[PDB]
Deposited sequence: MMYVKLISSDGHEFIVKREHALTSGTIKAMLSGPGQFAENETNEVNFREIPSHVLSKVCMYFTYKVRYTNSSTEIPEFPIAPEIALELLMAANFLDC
């Protein structure tokens, strides 16, 4: 039901399995635990919020998805890697 995503700085993010399958890369992985040696906390947290935001508002007026310009490049790289 839930999967555990681990960041490079050792944070664990417990997300619903169905939400995490928004990522094509993660969907290719799947135990209940995926390790990311290259994605830091402040990026992986946003990635997780994206999963939920997408599942909820896909086929919904859609509110903005907030991204600080300071995290955007790292987020871009992460999202590319994650295929989402």
| property | result |
| --- | --- |
| Ranges missing from the model, given as deposited sequence positions | 1, 32 to 41, 72 to 73 |
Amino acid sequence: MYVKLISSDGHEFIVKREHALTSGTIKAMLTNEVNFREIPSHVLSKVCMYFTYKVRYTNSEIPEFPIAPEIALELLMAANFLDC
From here on, numbers count along this sequence of modelled residues.
property	result
Other PDB entries, at least a third, lacking residue 31	yes
Of 5 to 13 and 62 to 70, the one with larger mean CA B-factor	62 to 70
46 to 54 versus 31 to 39 - greater average Cα B-factor per the deposited record	31 to 39
Cα B factor band for residue 79 (lowest, middle or highest third within the chain)	lowest
